[PDB]
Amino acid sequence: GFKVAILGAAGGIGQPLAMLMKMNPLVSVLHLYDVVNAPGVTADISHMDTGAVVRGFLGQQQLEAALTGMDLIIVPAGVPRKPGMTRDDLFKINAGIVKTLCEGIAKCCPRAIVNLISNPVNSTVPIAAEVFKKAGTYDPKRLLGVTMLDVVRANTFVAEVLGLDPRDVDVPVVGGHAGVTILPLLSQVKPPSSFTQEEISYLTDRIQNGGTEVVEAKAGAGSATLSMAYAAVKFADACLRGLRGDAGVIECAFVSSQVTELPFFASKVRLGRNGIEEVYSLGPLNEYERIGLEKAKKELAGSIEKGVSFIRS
């Protein structure tokens, strides 16, 4: 099977994500890396009677060992939103975190597929891209910003509205990973379905604010962790099945693309043996989505620039 490393394995997302990856039959080696508590999480996980062999890595000094020979790097690494935290003080911190980790990835496994979860994806994926570019290891086929939880939420909220089982629903979601950059293409839902105007609006707003919804429900003390781990693993699994060589593995991801005038954009991508085999275009949008698409590009562009400039300085 494949080798997977999780950077930030001891955090809220990291831990449950490590547990699911540990259970995945396609994983043969699992590396858990963090700057704190990695040994502990690692012991816990290690008792699981599943195929993957797990090892833990603690501190910057051990980052390289964790990344080496990996097929897939999953990066939920990042710091908690607080209160005190602005949304920038945060960016500053996470941007640094991503930068550091990416420099590590650039050095130790240029050909590993990277699943970047570190918030804000809209900026951190471009940050990652710059780092890789500034290191000559940039392969746009291999950098994926995880937008899967957007899709997950979409499927769940649409299924409830449609009274269907979420497992029988698929909603393409494109654009970016934050606020109005998240653009659920309700017009492309499967199974074919009809939504009232209020439904489209409720659905779109709710899918765009899913994170905030959990944050508030956790009374500011925490943000989504479990649904995130679950989404991250569903996505990682698709990447592994792609690496395995399965045909038709398609998922939405925030990637380097030429689908729009923006350098990064989330849209459906086919996952194969070398990462992205094909970035699909948006497909037919209705008027509501075209307008949404415009709102998203506007915010996305600055978000993309904040990240590019973060590194290009």
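Residue positions are given as counts along the sequence shown, with the first one as 1.
Per-stretch averaging of Cα B factors for 167 to 175 and 89 to 97 places 89 to 97 on top. Taking only CA atoms, the mean B-factor in the PDB entry is higher for 72 to 80 than for the other of 156 to 164 and 72 to 80. In this entry, the residue among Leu185, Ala219, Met228, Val151 with the greatest C-alpha B factor is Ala219.
Highest C-alpha temperature factor among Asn286, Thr50, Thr42, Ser257 per the entry: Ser257. Ranked against the other modelled residues of its chain, the C-alpha B-factor of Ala296 as given in the entry falls in the middle third. Ranked against the other modelled residues of its chain, the C-alpha B-factor of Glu198 as given in the entry falls in the lowest third. Sorting the modelled residues of the chain by their CA temperature factor places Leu32 in the lowest third. Placement of the Cα temperature factor of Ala112 within the chain: highest third of the modelled residues, per the deposited record.
Annotation for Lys141: CA B-factor lies in the highest third of the chain's modelled residues.
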